[PDB]
Each structure stands twice: as structure tokens, then as C-alpha cells.
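Okay, so here's just one chain, in C-alpha cells, the form deposited in one PDB entry.
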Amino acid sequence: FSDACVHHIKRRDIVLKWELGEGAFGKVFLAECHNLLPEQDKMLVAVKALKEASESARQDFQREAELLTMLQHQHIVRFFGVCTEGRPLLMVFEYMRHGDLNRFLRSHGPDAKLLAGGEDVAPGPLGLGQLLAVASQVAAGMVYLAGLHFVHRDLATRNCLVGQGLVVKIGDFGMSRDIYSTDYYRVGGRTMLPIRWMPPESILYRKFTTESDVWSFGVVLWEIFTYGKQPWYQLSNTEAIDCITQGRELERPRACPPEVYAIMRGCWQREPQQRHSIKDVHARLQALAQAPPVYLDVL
């Protein structure tokens, strides 16, 4: 009865405007959705239209909508429900106007100037305060999921979305975008591993736990303070496996203060149980995010 878990939207309430993205299993549109939120006769949504591989796409669709409905929470991608009346099957999401956090970081990097400012974000490179706010929110999402004993397995800035006001939410695009093909190592039967985000016990023993998500988060932090650089960008995939398995650590970013770099290092303890808790990591980044300018100045 996945049917009964998920919210449903009338097809006539959705008006497609133009495509946002396209993959093997469907197209994503920006759309107007009517009579979805009480005080909005009309709001923008992102709609995924399922390109069908028949019984398996239908089942994965229902499983994914059920899961997303269960996990709804402040720093998780907001899912509004499905449209199963006719084909194509549609999934309806909140529209996140800045797109994915990796792209957002790269367009506010250390070269940005006055032009890169906007309604939402100052010109130039994101400042320490905004970098920390981004990190705090993503870690909050991972506290919630760890609270539910849910393991992500592909936590990365490319899988987080940034909305108006720099609200950041975690999602899972499911290895679907050509621009991030480089972030995955292709093994048997087009299996894709995001090795650069994986801890040693994942690479060596094929284990991924909540503690492997805290290591992945540490790489997310590094991505954030490098403005979206790929971890181990100077290395091939196999060199990256060698460096990770043999204990090599990502270098402190220029924009990263030593206190935040200590948070990353705590995520990258070699033995999973020696890693800090994500709750503790979140608490430290929140404390820093909320700190007065006097304090942040001297970091």
C-alpha cells in the first residue's frame, strides 16, 4: 500500500514550463503547481517525468516516493507527492532556485566579483560565515538521517540543493547527471562508486555505515571550503583509492580556518568508531555559524 503513504497531485494542477535537466530515466521540468499550498494559488515546482522501463521503473518510483515522503524534514529535499493519473508518472519537488550546491559553490568561488552577487548572496566569494552556514545545514540533514539510522552512500555537494535565502537541503540524484560522471569510478555492470567521498572501510571491505557518512561529510566540508573543487582532483581514480586506503588526508583549503580543518580531521579518523558523531560535528559548525563577527574575525 505505498499508494496510501504518498501524497497525490492532480495532473491538471501541474503546468510544465520548460526543462531543467534530462537523464536516462526521465526529464525534469520547471512547472507551476496550483492548489498545492494553501496561501499560494500557484507556486513553482520541479517535476520529474518518468521515462518508463516498465515494471521496474514503476516499483522504484513507488519505493522512492514512499522513502522521500517518510524522510521529509527541514534540511531534506522537499517532496510534495506524485501524479499517477495517466502517464508519464510524475514526481513533484520544491524548486531550489540556485540548483545543486556544487554548482552554487563554484559560481561564488574565490574569483567571483560584483557581478556574482544577487538577491540572495553577496558579491564575490562566499564569506566564512556563509560557508559555515552551508556546512551546518548539511550536517543537520545528516543528524536527522542518522537519527533515523538511514545511510546515504553518496553524500556530496552535487547531491544537495540550495534554495532562495541559501537554504540547503540534502538529496540523492542517483548518479544521473553527465556533469558529475567524473565523480564516479565505474566498476562491473556499470556500477558507480563515488570513491573520492568514501572512507577506507567502504573501499576495502565494501561496508558503508552511519560512520562512513561522517567521513563523507568531512569531504563535503572540504568541498565547501574549496568552493566545490573535486577531492583528490590531482589524482586518477586508482591513485585516489591508493591515497585513501593508505591514509593520505585532504589538505586544508586556503579559505578553511584551522579550527574548521580540525572538524574535517575528526571526520576522517581511520577507525570508524574513533570518528566524531555527526551530532557533535553539527553542534560545532552551528556554534561557529552563529558566532558573532568578533569571534569569526580571529579564526
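Residue positions are given as counts along the sequence shown, with the first one as 1. Shifts are known only where both forms have a C-alpha. Here the rigid core means the biggest group of C-alpha atoms that line up within 1.5 Å when the two forms are laid on top of each other.
In what follows, reference is made to the form deposited in another entry, a form of this protein that is not presented.
Colleague: Can we say the CA of residue 280 moves by at least 2 Å between this form and the one not shown when the core is superposed?
Modeller: It does not, since the residue 280 C-alpha is displaced less than 2 Å between this form and the one not shown after the core fit.
Colleague: Superposing on the rigid core, I want to see if residue 207 changes position between this form and the one not shown - specifically a Cα shift of 2 Å or more.
Modeller: The answer is no, as the C-alpha of residue 207 shifts between this form and the one not shown by less than 2 Å after core alignment.
Colleague: Give me the stretches of at least three consecutive residues whose Cα atoms move by 2 Å or more between this form and the one not shown once the core is superposed.
Modeller: Flagged stretches (3+ res, CA at least 2 Å): 22 to 25, 85 to 88, 292 to 299.
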